[PDB]
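One chain is shown next in structure tokens, namely the form deposited in one PDB entry.
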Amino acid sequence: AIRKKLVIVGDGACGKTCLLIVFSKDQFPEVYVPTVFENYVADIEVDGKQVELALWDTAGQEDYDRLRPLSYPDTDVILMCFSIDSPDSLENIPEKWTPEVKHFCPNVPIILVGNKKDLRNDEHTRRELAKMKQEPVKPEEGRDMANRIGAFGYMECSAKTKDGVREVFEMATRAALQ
């Protein structure tokens, strides 16, 4: 088989775990959203090729600088996430996540993912961030940050609706093959 290792990184609460769940289940969990995603091998097809894509969550490792790197070895693609409803999370992409992933996963493609896009226009969201003199992350900011950090691609999705979830992983899988 073609076996590839994917590791997903980014700030806590920016939807990492949820994202991995919808992709692997192809359903947003209706009744209960689980905290835990165990290491899991998912099957995906891209550009006609069958792939075993090993999925590693890092939720809960954000505070622990010398535990997180235990996840990095042999990584074939990184999914680097920020949440569209948190421009704080986007500023941490160049600030924390990129230098760490470049240092521990050199020459490994990165795909930058804007999670939670279903909130760019949630009203309740816009205010709370208008409080802090902020507003939802805009697509152009996402794409410019991708080019700035040298990402293979930029994608957005929403786990709630599933919109773009599959595509995130398809891109991530194409990146792992190049």
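Residues that one form lacks are left out of the comparison. Just so we're on the same page, rigid core means the largest C-alpha set that superposes within 1.5 Å between forms. A residue's number is simply how far along the shown sequence it sits, counting from 1.
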Please work out which of 84 to 92 and 99 to 107 has the higher mean CA B-factor as recorded in the PDB entry.
84 to 92
Determine, for stretches 37 to 45 and 118 to 126, which one has the higher mean CA B-factor as deposited.
118 to 126
Pick out which of 19, 13, 168, 9 has the highest C-alpha B-factor in the PDB entry.
13
If you check the C-alpha B-factor for each of 63, 144, 52, 57 in the entry, which is highest?
144
Sorting the chain's CA B-factors, does residue 176 end up in the lowest, middle or highest third?
middle
Please rank the C-alpha B-factors of the chain's modelled residues and tell me whether residue 149 sits in the lowest, middle or highest third.
middle
Could you say whether, by C-alpha temperature factor, residue 113 belongs to the lowest, middle or highest third of its chain?
middle
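Beyond what is shown, the protein has a form deposited in another entry; the following relates to that form.
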Listed options 60, 153, 139, 69; Cα moving by 2 angstroms or more between the shown form and the other one (core superposition)
60
Closer or farther: C-alpha pair residue 34/residue 165 in the other form, relative to this form, given a change of 3 Å or more:
farther
Under comparison with the form shown, the C-alpha atoms of residue 102 and residue 35 in the other form shift by 3 angstroms or more, placing them closer
Moved regions between the shown form and the other one after rigid core superposition (C-alpha shift of 2 angstroms or more, 3 or more residues per run) are 26 to 38, 59 to 63
